[PDB]
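Asks: Next up is a structure, given as structure tokens.
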Amino acid sequence: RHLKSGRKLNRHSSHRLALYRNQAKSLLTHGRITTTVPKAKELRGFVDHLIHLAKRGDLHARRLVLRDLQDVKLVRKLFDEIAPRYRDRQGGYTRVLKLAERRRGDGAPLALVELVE
Amino acid sequence: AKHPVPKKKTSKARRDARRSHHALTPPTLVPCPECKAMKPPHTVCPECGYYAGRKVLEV
Amino acid sequence: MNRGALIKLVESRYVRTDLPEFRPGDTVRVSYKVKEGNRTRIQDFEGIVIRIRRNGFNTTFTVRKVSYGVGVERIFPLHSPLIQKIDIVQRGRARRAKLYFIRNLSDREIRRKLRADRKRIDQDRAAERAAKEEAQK
Amino acid sequence: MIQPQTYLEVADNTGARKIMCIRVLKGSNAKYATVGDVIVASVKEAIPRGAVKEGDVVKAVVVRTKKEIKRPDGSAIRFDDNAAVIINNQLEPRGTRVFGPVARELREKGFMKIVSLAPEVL
Amino acid sequence: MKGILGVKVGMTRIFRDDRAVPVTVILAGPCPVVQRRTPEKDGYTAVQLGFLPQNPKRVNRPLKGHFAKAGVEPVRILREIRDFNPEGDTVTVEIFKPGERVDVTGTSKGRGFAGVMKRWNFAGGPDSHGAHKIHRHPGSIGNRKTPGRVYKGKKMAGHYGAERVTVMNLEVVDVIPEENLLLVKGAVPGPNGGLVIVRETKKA
RNA sequence: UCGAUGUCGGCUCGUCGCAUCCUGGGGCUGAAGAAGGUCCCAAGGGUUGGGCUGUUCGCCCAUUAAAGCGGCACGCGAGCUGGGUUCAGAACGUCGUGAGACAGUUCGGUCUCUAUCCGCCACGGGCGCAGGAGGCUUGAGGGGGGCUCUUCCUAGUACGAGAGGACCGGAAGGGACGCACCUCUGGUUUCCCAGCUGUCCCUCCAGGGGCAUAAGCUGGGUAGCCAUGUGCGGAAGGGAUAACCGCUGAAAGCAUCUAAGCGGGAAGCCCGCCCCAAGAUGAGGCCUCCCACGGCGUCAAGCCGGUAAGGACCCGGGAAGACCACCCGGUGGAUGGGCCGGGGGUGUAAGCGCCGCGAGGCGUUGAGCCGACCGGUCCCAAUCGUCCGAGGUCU
RNA sequence: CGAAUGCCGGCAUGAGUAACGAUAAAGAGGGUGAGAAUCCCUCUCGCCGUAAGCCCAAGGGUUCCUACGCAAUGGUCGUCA
RNA sequence: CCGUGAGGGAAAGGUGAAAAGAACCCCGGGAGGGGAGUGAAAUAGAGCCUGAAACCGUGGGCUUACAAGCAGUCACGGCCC
Ligand SMILES: [Mg+2]
Ligand SMILES: [Mg+2]
Ligand SMILES: [Mg+2]
Ligand SMILES: [Mg+2]
Ligand SMILES: [Mg+2]
Ligand SMILES: [Mg+2]
Ligand SMILES: [Mg+2]
Ligand SMILES: [Mg+2]
Ligand SMILES: [Mg+2]
Ligand SMILES: [Mg+2]
Ligand SMILES: [Mg+2]
Ligand SMILES: [Mg+2]
Ligand SMILES: [Mg+2]
Ligand SMILES: [Mg+2]
Ligand SMILES: [Mg+2]
Ligand SMILES: [Mg+2]
Ligand SMILES: [Mg+2]
Ligand SMILES: [Mg+2]
Ligand SMILES: [Mg+2]
Ligand SMILES: [Mg+2]
Ligand SMILES: [Mg+2]
Ligand SMILES: [Mg+2]
Ligand SMILES: [Mg+2]
Ligand SMILES: [Mg+2]
Ligand SMILES: [Mg+2]
Ligand SMILES: [Mg+2]
Ligand SMILES: [Mg+2]
Ligand SMILES: [Mg+2]
Ligand SMILES: [Mg+2]
Ligand SMILES: [Mg+2]
Ligand SMILES: [Mg+2]
Ligand SMILES: [Mg+2]
Ligand SMILES: [Mg+2]
Ligand SMILES: [Mg+2]
Ligand SMILES: [Mg+2]
Ligand SMILES: [Mg+2]
Ligand SMILES: [Mg+2]
Ligand SMILES: [Mg+2]
Ligand SMILES: [Mg+2]
Ligand SMILES: [Mg+2]
Ligand SMILES: [Mg+2]
Ligand SMILES: [Mg+2]
Ligand SMILES: [Mg+2]
Ligand SMILES: [Mg+2]
Ligand SMILES: [Mg+2]
Ligand SMILES: [Mg+2]
Ligand SMILES: [Mg+2]
Ligand SMILES: [Mg+2]
Ligand SMILES: [Mg+2]
Ligand SMILES: [Mg+2]
Ligand SMILES: [Mg+2]
Ligand SMILES: [Mg+2]
Ligand SMILES: [Mg+2]
Ligand SMILES: [Mg+2]
Ligand SMILES: [Mg+2]
Ligand SMILES: [Mg+2]
Ligand SMILES: [Mg+2]
Ligand SMILES: [Mg+2]
Ligand SMILES: [Mg+2]
Ligand SMILES: [Mg+2]
Ligand SMILES: [Mg+2]
Ligand SMILES: [Mg+2]
Ligand SMILES: [Mg+2]
Ligand SMILES: [Mg+2]
Ligand SMILES: [Mg+2]
Ligand SMILES: [Mg+2]
């Protein structure tokens, strides 16, 4: 027994990280992302941080963000377009809404991971 | 083909008695407030679209 | 109930505040000791501070010395049995937080890997403020 | 924590150099020996013509331990090696001198002459 | 038989004379006496104490105002002390004085389904040499044809923890009345924020 | 039992007997005391670690209060091991002309992921508890636990030529064991922080990312989980008894513990202590709630649909957890996520400036980064809703 | 015919149980479609690279290409093969 | 089909008198069905005469959550027909 602690899984470390890294990229790229509930929830916090460093905009934040999102252009958009969109918002730049119906293939329950507004 | 095997054929009664719990339970739905439709609670269904909540198509 | 931590920092009103600031450089000294009847006679313990584990009221630190051919380390709570805690060379200048590494290859090598903290020492002799002009205004 | 099999370093001039714990003399089945506790050991190494020889089954008291020793005031002491002093059947030191520091627990456990003879008691 | 409810807040240590004292801080907040058991109507004697204030309105039916002590009707339900009967108003930490010996009860932490080794601190199998598929196994559990069965509760793997546990005779190292605090000498079942009941011990 | 009941020893896990090794009571002693011997009572709890041999067993080493003897398919291989022995190879001695052989030795040799029923450990679901509910409880009856040593004080006193050396009573420490805990001590902490190599890449320098485990390596390391660490426990006390010791007392003018009646008396027995427990259908108790016939059969459900108190469903979660369950929240909201502050860990980020040809070094700087921990803040998410559920049979 | 661990066939039990075949690894956005986590495309990510790349001989025999297709064969799915 | 080979060696018959083999409509991607229609018969609708038993279901009647058994039998009693 454990879970006395936090964070989810079902992949080894390097994979689990690489995962959040990709959803993040895909989310900042499209605004709305559809994935399974667990993956969606675990995403919210990881990207909220990324955007919060954007709000700073001091380069260090930039190079910190680039560590997870390697796409220079992506970050640019992140720092010039998405970031301002909040700047006054105190956290919670991410939204997650579960859809009805599941994958008629494995029955996985899906959800929405939206960039909020 | 190995080690433990069942000793006797489980009788029809005994077999069915075990499935006394396999009975399925109905999906839980509720009337959508925006349209006339049934959908699961705390979920965005196609029909309506959620007072904006990133919905399907509609003109 | 509403602030375990708070309602715990409140019991911890056994907190000293008369002790010198120091990291993993070189402290030593101290301290009390109750032997053969009386809680008197203060024994001193000179040495390099090998570690400091912080945890509010009960953060502790260990000091290492080489007493008569044998190496010895002592763990002090930080509050209670500690009359004074003056300190030798500020030395410090340890790139590491926990320097148990000095245990296996100590000697001249220790003083070479632990150069004086040319800095914290400066603000030691500087920020001292020894002006005995008192009573003249 | 000393258990049968452990090698201690003799902190005295009885001639011995190293002894291996054979048993901890505390009860019917104590698991470990700490500073102050007595043991029976085998003399593994010894210096030419000394009060004791190798193969000798002796007794000694533990004066130093690599496992830290906690004092009721909340502090702890610990040494780089495990050392003991050869003791006779009446529990006095067979030697005359003693080297290195000894934990002070020895004082509160009776071993007075070992402590007086010790170059330092921490 | 002095008895109060409280919540485990956490533990640290203090200094008395010149020795460190591991201690468990408890919060035996103002307990509103809400009911009394009597050999006439209840058949035994006891004080249902109330604990943990507030609770907007999620109380419904058990709106036990039968006693004005309905004081917002506390959260952490009610709990009897048995063989206690104080000034029918409120039981505070004052009940205890530094130096007394209490018996504290709580629900131990839950390790869920435990292995024979952790649960019944079993020895288990070897990590090498012989086989290598029963290093954490119970071994044998019976004899042969006779008795040809297994003794009732022969210690086996299963649920472990999350149960009532009482550790006895703890010195009340102190008691801070202004804050409802209470200091015992270490060891107290359950997790911080867990409910406990502190009573008078049984030593004489 | 040969259409198969796996065989020695060990490991694991116990459980029982008592013909008792220790511990507790006691009688006799060639019992001064102390230490023994012997027999009776008594398993409640204990009954160590090693060297040798496959060994059981024994013999040693060092201790101990003691290092008990037996049963349970010489307990336990659908639990493990396979060292002994009983397949095929090979060799020695030995027997045989030989092929081969030997309760003689020697080296080597495949012990089958899936538990149906009973039993056992745990967790539910259904219905019942003769109104329905939400709480708090009694404890029939079970289970757990029961250990023991040393020293000091009585008192160097009774006893004793001496040496030695008590009872009874009273203290303080230990050892094993048990439960719980994480303050401390000490572990782990798979990405919390830093350092490092080779290579490919981003973007050339700088700064970074992947890979070199399912962590590349190294040094550290919070929460949690932990023992080596910490705190508690065995009781005390009441009752009936064993052996045993008596009081009063006949039968039997004495005597006698017995026949009548009364006592004292064990680590044992009962209760006390901790835990479970009303499926204790013998379904218990106390507190508070909601209560009505409205439509309808043989007129109190034998009846249908809304209901009531309440309850599920769904959601956000949890030192709760395999699932289920249990516990806390659901905008009348601090439940989780984020954001903020603080702990805590890393141990002076980048960038820029100065010094050095350069690797680098100063400074800004305990900086930067930063899981779980203690708390704030409705920024995001627990939108909105639905379905069950009384109308209560007898003197 | 009731038995022969009988013979041929059918259907049960175990059971919604063990399994679904290397721990190199996935994510998302488009498209197609009655329906696809499983087909197509784009972008990320991971693996092999004395290869898990390329070529020849043997063996195999149309498995090659393409258009219609999805009952079955594919350990799931299938519009794909 | 098996085996390198000598060689071994299966299973599998029946619409109806006559194809009159179900136009067309409806749900469905199809399959499959519901109507319509053929026929004396379609539970003769196509691996279709008859179509038993094991086995799997739906509906109903009696009966069961304090009992324990080679499952039956004898006796009363209740409910249903
Ligand atoms: Mg990796
Ligand atoms: Mg974060
Ligand atoms: Mg059936
Ligand atoms: Mg748990
Ligand atoms: Mg082990
Ligand atoms: Mg094996
Ligand atoms: Mg039996
Ligand atoms: Mg048989
Ligand atoms: Mg006997
Ligand atoms: Mg005597
Ligand atoms: Mg036995
Ligand atoms: Mg067996
Ligand atoms: Mg063998
Ligand atoms: Mg072998
Ligand atoms: Mg070999
Ligand atoms: Mg009872
Ligand atoms: Mg019973
Ligand atoms: Mg710790
Ligand atoms: Mg720790
Ligand atoms: Mg630590
Ligand atoms: Mg790094
Ligand atoms: Mg690199
Ligand atoms: Mg790569
Ligand atoms: Mg930790
Ligand atoms: Mg008499
Ligand atoms: Mg009597
Ligand atoms: Mg009596
Ligand atoms: Mg209870
Ligand atoms: Mg019952
Ligand atoms: Mg009941
Ligand atoms: Mg009741
Ligand atoms: Mg919150
Ligand atoms: Mg919050
Ligand atoms: Mg914070
Ligand atoms: Mg800090
Ligand atoms: Mg900080
Ligand atoms: Mg911080
Ligand atoms: Mg037949
Ligand atoms: Mg016959
Ligand atoms: Mg037959
Ligand atoms: Mg057959
Ligand atoms: Mg089946
Ligand atoms: Mg299942
Ligand atoms: Mg099964
Ligand atoms: Mg299973
Ligand atoms: Mg499986
Ligand atoms: Mg596969
Ligand atoms: Mg696989
Ligand atoms: Mg790899
Ligand atoms: Mg590679
Ligand atoms: Mg290679
Ligand atoms: Mg060819
Ligand atoms: Mg073909
Ligand atoms: Mg092709
Ligand atoms: Mg095609
Ligand atoms: Mg398929
Ligand atoms: Mg062939
Ligand atoms: Mg017709
Ligand atoms: Mg016909
Ligand atoms: Mg015909
Ligand atoms: Mg037919
Ligand atoms: Mg039939
Ligand atoms: Mg039926
Ligand atoms: Mg009964
Ligand atoms: Mg009945
Ligand atoms: Mg009958």
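Ligands are numbered from 1 in the order shown, chains are lettered A, B, ... in the order of the structure tokens, and residues start at 1 in each chain.
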Residues within 12 Å of ligand 28 (only C-alpha atoms (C1' of nucleotides) and all ligand atoms), as a PDB file with N, CA, C and O atoms (P, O5', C5', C4', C3', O3' and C1' of nucleotides), in the first residue's frame?

Replies:
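To be explicit, this is the file written out as pocket.pdb:
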ATOM      1  N   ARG E  79     -19.091  10.591  21.089  1.00  0.00           N
ATOM      2  CA  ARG E  79     -18.436   9.404  21.590  1.00  0.00           C
ATOM      3  C   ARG E  79     -18.534   9.343  23.114  1.00  0.00           C
ATOM      4  O   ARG E  79     -18.218  10.307  23.799  1.00  0.00           O
ATOM      5  N   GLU E  80     -18.990   8.210  23.638  1.00  0.00           N
ATOM      6  CA  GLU E  80     -19.133   8.029  25.081  1.00  0.00           C
ATOM      7  C   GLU E  80     -17.801   7.777  25.800  1.00  0.00           C
ATOM      8  O   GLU E  80     -16.850   7.288  25.201  1.00  0.00           O
ATOM      9  N   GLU E 163      -7.457   0.032  12.516  1.00  0.00           N
ATOM     10  CA  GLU E 163      -8.238  -0.580  13.568  1.00  0.00           C
ATOM     11  C   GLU E 163      -8.009   0.088  14.916  1.00  0.00           C
ATOM     12  O   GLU E 163      -7.002   0.760  15.140  1.00  0.00           O
ATOM     13  N   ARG E 164      -8.956  -0.114  15.818  1.00  0.00           N
ATOM     14  CA  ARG E 164      -8.869   0.457  17.142  1.00  0.00           C
ATOM     15  C   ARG E 164      -7.638  -0.039  17.856  1.00  0.00           C
ATOM     16  O   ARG E 164      -7.391  -1.234  17.919  1.00  0.00           O
TER      17      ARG E 164
ATOM     18  P     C F 136     -22.122   7.139  15.570  1.00  0.00           P
ATOM     19  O5'   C F 136     -22.348   6.932  17.129  1.00  0.00           O
ATOM     20  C5'   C F 136     -22.316   8.060  18.020  1.00  0.00           C
ATOM     21  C4'   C F 136     -22.887   7.685  19.363  1.00  0.00           C
ATOM     22  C3'   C F 136     -22.307   6.442  20.015  1.00  0.00           C
ATOM     23  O3'   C F 136     -21.072   6.721  20.666  1.00  0.00           O
ATOM     24  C1'   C F 136     -24.663   6.387  20.154  1.00  0.00           C
ATOM     25  P     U F 137     -20.167   5.508  21.205  1.00  0.00           P
ATOM     26  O5'   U F 137     -21.051   4.908  22.385  1.00  0.00           O
ATOM     27  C5'   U F 137     -21.001   3.520  22.728  1.00  0.00           C
ATOM     28  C4'   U F 137     -22.312   3.087  23.339  1.00  0.00           C
ATOM     29  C3'   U F 137     -22.269   1.672  23.869  1.00  0.00           C
ATOM     30  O3'   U F 137     -21.795   1.720  25.204  1.00  0.00           O
ATOM     31  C1'   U F 137     -24.251   2.006  22.581  1.00  0.00           C
ATOM     32  P     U F 138     -20.914   0.516  25.782  1.00  0.00           P
ATOM     33  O5'   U F 138     -21.998  -0.585  26.173  1.00  0.00           O
ATOM     34  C5'   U F 138     -22.911  -0.358  27.252  1.00  0.00           C
ATOM     35  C4'   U F 138     -23.701  -1.606  27.542  1.00  0.00           C
ATOM     36  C3'   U F 138     -22.892  -2.886  27.631  1.00  0.00           C
ATOM     37  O3'   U F 138     -22.383  -3.068  28.945  1.00  0.00           O
ATOM     38  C1'   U F 138     -24.799  -3.219  26.245  1.00  0.00           C
ATOM     39  P     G F 139     -21.001  -3.879  29.176  1.00  0.00           P
ATOM     40  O5'   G F 139     -21.250  -5.288  28.480  1.00  0.00           O
ATOM     41  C5'   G F 139     -22.258  -6.187  28.962  1.00  0.00           C
ATOM     42  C4'   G F 139     -22.311  -7.401  28.082  1.00  0.00           C
ATOM     43  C3'   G F 139     -21.023  -8.217  28.031  1.00  0.00           C
ATOM     44  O3'   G F 139     -21.366  -9.587  27.883  1.00  0.00           O
ATOM     45  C1'   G F 139     -21.557  -7.430  25.864  1.00  0.00           C
ATOM     46  P     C F 275      -9.387  -1.552  23.279  1.00  0.00           P
ATOM     47  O5'   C F 275      -9.443  -2.721  22.202  1.00  0.00           O
ATOM     48  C5'   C F 275      -8.623  -2.660  21.022  1.00  0.00           C
ATOM     49  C4'   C F 275      -8.885  -3.848  20.144  1.00  0.00           C
ATOM     50  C3'   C F 275     -10.340  -4.112  19.804  1.00  0.00           C
ATOM     51  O3'   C F 275     -10.799  -3.331  18.720  1.00  0.00           O
ATOM     52  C1'   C F 275      -9.327  -6.120  20.495  1.00  0.00           C
ATOM     53  P     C F 276     -12.382  -3.141  18.501  1.00  0.00           P
ATOM     54  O5'   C F 276     -12.888  -4.589  18.058  1.00  0.00           O
ATOM     55  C5'   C F 276     -12.506  -5.158  16.799  1.00  0.00           C
ATOM     56  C4'   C F 276     -13.216  -6.472  16.584  1.00  0.00           C
ATOM     57  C3'   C F 276     -14.727  -6.435  16.710  1.00  0.00           C
ATOM     58  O3'   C F 276     -15.320  -6.010  15.500  1.00  0.00           O
ATOM     59  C1'   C F 276     -13.875  -8.321  17.867  1.00  0.00           C
ATOM     60  P     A F 277     -16.718  -5.224  15.540  1.00  0.00           P
ATOM     61  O5'   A F 277     -17.698  -6.253  16.254  1.00  0.00           O
ATOM     62  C5'   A F 277     -18.242  -7.355  15.531  1.00  0.00           C
ATOM     63  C4'   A F 277     -18.927  -8.313  16.469  1.00  0.00           C
ATOM     64  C3'   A F 277     -20.097  -7.791  17.280  1.00  0.00           C
ATOM     65  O3'   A F 277     -21.303  -7.799  16.535  1.00  0.00           O
ATOM     66  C1'   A F 277     -18.657  -9.014  18.680  1.00  0.00           C
ATOM     67  P     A F 278     -22.614  -7.092  17.136  1.00  0.00           P
ATOM     68  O5'   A F 278     -23.400  -8.266  17.880  1.00  0.00           O
ATOM     69  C5'   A F 278     -23.735  -9.497  17.196  1.00  0.00           C
ATOM     70  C4'   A F 278     -25.235  -9.643  17.098  1.00  0.00           C
ATOM     71  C3'   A F 278     -25.933  -8.501  16.368  1.00  0.00           C
ATOM     72  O3'   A F 278     -27.120  -9.018  15.773  1.00  0.00           O
ATOM     73  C1'   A F 278     -26.727  -8.617  18.579  1.00  0.00           C
TER      74        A F 278
END

Asks: Would you kindly report the residues of chain D within 8 Å of chain F, using only C-alpha atoms (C1' of nucleotides), as a list in words?

Replies: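 Taking only C-alpha atoms (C1' of nucleotides) into account, residues 4, 22, 23, 25, 26, 27, 28, 29, 30, 40, 68, 70, 74 and 76 of chain D sit within 8 Å of chain F.
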
Asks: Can I get the selection written as a PDB file, in the first residue's frame, with N, CA and C atoms?

Replies:
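The resulting file, selection37.pdb, is reproduced below:
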ATOM      1  N   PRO D   4      28.528 -11.745  17.565  1.00  0.00           N
ATOM      2  CA  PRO D   4      29.565 -12.750  17.363  1.00  0.00           C
ATOM      3  C   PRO D   4      30.027 -12.672  15.921  1.00  0.00           C
ATOM      4  N   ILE D  22      32.970 -13.327  20.227  1.00  0.00           N
ATOM      5  CA  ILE D  22      32.564 -14.724  20.267  1.00  0.00           C
ATOM      6  C   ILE D  22      31.157 -14.816  20.843  1.00  0.00           C
ATOM      7  N   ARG D  23      30.790 -13.849  21.681  1.00  0.00           N
ATOM      8  CA  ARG D  23      29.473 -13.812  22.314  1.00  0.00           C
ATOM      9  C   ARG D  23      29.274 -12.517  23.093  1.00  0.00           C
ATOM     10  N   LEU D  25      28.032 -10.946  26.430  1.00  0.00           N
ATOM     11  CA  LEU D  25      27.635 -11.349  27.767  1.00  0.00           C
ATOM     12  C   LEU D  25      26.662 -10.366  28.380  1.00  0.00           C
ATOM     13  N   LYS D  26      25.398 -10.444  27.991  1.00  0.00           N
ATOM     14  CA  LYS D  26      24.414  -9.543  28.562  1.00  0.00           C
ATOM     15  C   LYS D  26      23.259 -10.353  29.124  1.00  0.00           C
ATOM     16  N   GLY D  27      22.758 -11.303  28.354  1.00  0.00           N
ATOM     17  CA  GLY D  27      21.668 -12.103  28.865  1.00  0.00           C
ATOM     18  C   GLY D  27      21.760 -13.533  28.398  1.00  0.00           C
ATOM     19  N   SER D  28      20.598 -14.078  28.072  1.00  0.00           N
ATOM     20  CA  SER D  28      20.463 -15.441  27.588  1.00  0.00           C
ATOM     21  C   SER D  28      20.640 -15.426  26.075  1.00  0.00           C
ATOM     22  N   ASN D  29      20.281 -14.299  25.467  1.00  0.00           N
ATOM     23  CA  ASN D  29      20.351 -14.174  24.023  1.00  0.00           C
ATOM     24  C   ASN D  29      20.267 -12.741  23.560  1.00  0.00           C
ATOM     25  N   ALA D  30      21.195 -11.914  24.002  1.00  0.00           N
ATOM     26  CA  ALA D  30      21.187 -10.525  23.582  1.00  0.00           C
ATOM     27  C   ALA D  30      21.701 -10.514  22.152  1.00  0.00           C
ATOM     28  N   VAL D  40      33.027 -11.778  24.989  1.00  0.00           N
ATOM     29  CA  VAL D  40      34.025 -12.833  25.099  1.00  0.00           C
ATOM     30  C   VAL D  40      34.487 -12.902  23.657  1.00  0.00           C
ATOM     31  N   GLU D  68      26.511   4.874  15.896  1.00  0.00           N
ATOM     32  CA  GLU D  68      26.360   5.963  16.864  1.00  0.00           C
ATOM     33  C   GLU D  68      25.620   5.589  18.147  1.00  0.00           C
ATOM     34  N   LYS D  70      23.286   7.029  21.186  1.00  0.00           N
ATOM     35  CA  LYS D  70      22.404   8.114  21.610  1.00  0.00           C
ATOM     36  C   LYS D  70      22.369   8.340  23.131  1.00  0.00           C
ATOM     37  N   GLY D  74      19.400  13.825  24.054  1.00  0.00           N
ATOM     38  CA  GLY D  74      19.100  14.046  22.651  1.00  0.00           C
ATOM     39  C   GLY D  74      20.269  14.114  21.673  1.00  0.00           C
ATOM     40  N   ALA D  76      24.198  12.515  20.203  1.00  0.00           N
ATOM     41  CA  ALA D  76      24.764  11.211  19.868  1.00  0.00           C
ATOM     42  C   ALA D  76      26.271  11.280  19.640  1.00  0.00           C
TER      43      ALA D  76
END

Asks: Rounded to one decimal in Å, what is the spacing between atom CA of residue 13 of chain B and atom 1 (Mg, counted along the ligand's line) of ligand 42?

Replies: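 Value for the atom CA of residue 13 of chain B-atom 1 (Mg, counted along the ligand's line) of ligand 42 distance: 13.3 Å.
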
Asks: Report the closest atom pair, with its distance in Å rounded to one decimal, for each residue of chain H that has an atom no farther than 8 Å from ligand 59; count only C-alpha atoms (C1' of nucleotides) and all ligand atoms, sort by chain and then rising residue number, and write it as JSON lines.

Replies:
{"residue": "H:41", "atom": "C1'", "partner": "ligand 59", "partner_atom_place_in_ligand_line": "1 (Mg)", "distance": 6.8}
{"residue": "H:44", "atom": "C1'", "partner": "ligand 59", "partner_atom_place_in_ligand_line": "1 (Mg)", "distance": 4.1}
{"residue": "H:49", "atom": "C1'", "partner": "ligand 59", "partner_atom_place_in_ligand_line": "1 (Mg)", "distance": 5.0}
{"residue": "H:50", "atom": "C1'", "partner": "ligand 59", "partner_atom_place_in_ligand_line": "1 (Mg)", "distance": 7.6}

Asks: Selected residues, C-alpha atoms (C1' of nucleotides), written as a PDB file, in the first residue's frame, please.

Replies:
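Saved result, result30.pdb, follows:
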ATOM      1  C1'   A H  41     -47.691 -27.684 -45.782  1.00  0.00           C
ATOM      2  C1'   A H  44     -40.950 -27.970 -46.349  1.00  0.00           C
ATOM      3  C1'   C H  49     -38.284 -34.554 -44.800  1.00  0.00           C
ATOM      4  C1'   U H  50     -38.885 -36.561 -39.909  1.00  0.00           C
TER       5        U H  50
END

Asks: As a list in words, please: the residues near residue 41 of chain A (cut-off 10 Å, only C-alpha atoms (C1' of nucleotides), same-chain neighbours under 2 positions excluded).

Replies: residues 8, 35, 36, 37, 38, 39, 43, 44, 45, 46, 94, 95, 96, 97, 111, 112 and 113 of chain A; 337 and 381 of chain F

Asks: Would you name the residues within 9 Å of ligand 17, counting only C-alpha atoms (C1' of nucleotides) and all ligand atoms, and put them as a list in words?

Replies: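 With only C-alpha atoms (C1' of nucleotides) and all ligand atoms and a cut-off of 9 Å, ligand 17 is contacted by residues 141, 142 and 280 of chain F.
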
Asks: For chain D versus chain E, which residues have an atom no more than 9 Å away, and what is each residue's nearest atom pair and distance in Å rounded to one decimal, using only C-alpha atoms, chain-then-number order, as a tab-separated table?

Replies:
residue	atom	partner	partner_atom	distance
D:71	CA	E:19	CA	8.5
D:72	CA	E:19	CA	5.2
D:73	CA	E:19	CA	3.9
D:74	CA	E:20	CA	5.1
D:75	CA	E:20	CA	8.8

Asks: Please provide the set of residues having any atom within 12 Å of residue 196 of chain E, restricted to only C-alpha atoms (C1' of nucleotides), with same-chain residues fewer than 5 positions apart removed, written as a PyMOL selection string.

Replies: chain E and resi 3-9+24-29+51-52+76+79+81+103-108+163-167+188-191

Asks: Quick one: pick out all strand (DSSP E) residues within chain A from a backbone DSSP run and write them as a PyMOL selection string.

Replies: chain A and resi 32-36+95-102+109-114

Asks: Within 12 Å of ligand 22, which residues show up when you count only C-alpha atoms (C1' of nucleotides) and all ligand atoms? List them as a list in words, please.

Replies: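 Counting only C-alpha atoms (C1' of nucleotides) and all ligand atoms, the residues within 12 Å of ligand 22 come out as residues 196, 197, 198, 199, 200, 201, 202, 208, 209, 210, 211, 212 and 216 of chain F.
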
Asks: Could you tell me how far atom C1' of residue 224 of chain F sits from atom CA of residue 6 of chain A, in Å to one decimal place?

Replies: 10.1 Å

Asks: Which residues form the shell of 12 Å around ligand 65 when you count only C-alpha atoms (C1' of nucleotides) and all ligand atoms, given as a ChimeraX atom specification?

Replies: /F:127-128,281 /H:64-67

Asks: What do you get as a PyMOL selection string if you pick all residues at most 10 Å from ligand 25, counting only C-alpha atoms (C1' of nucleotides) and all ligand atoms?

Replies: chain F and resi 246-249+255-257
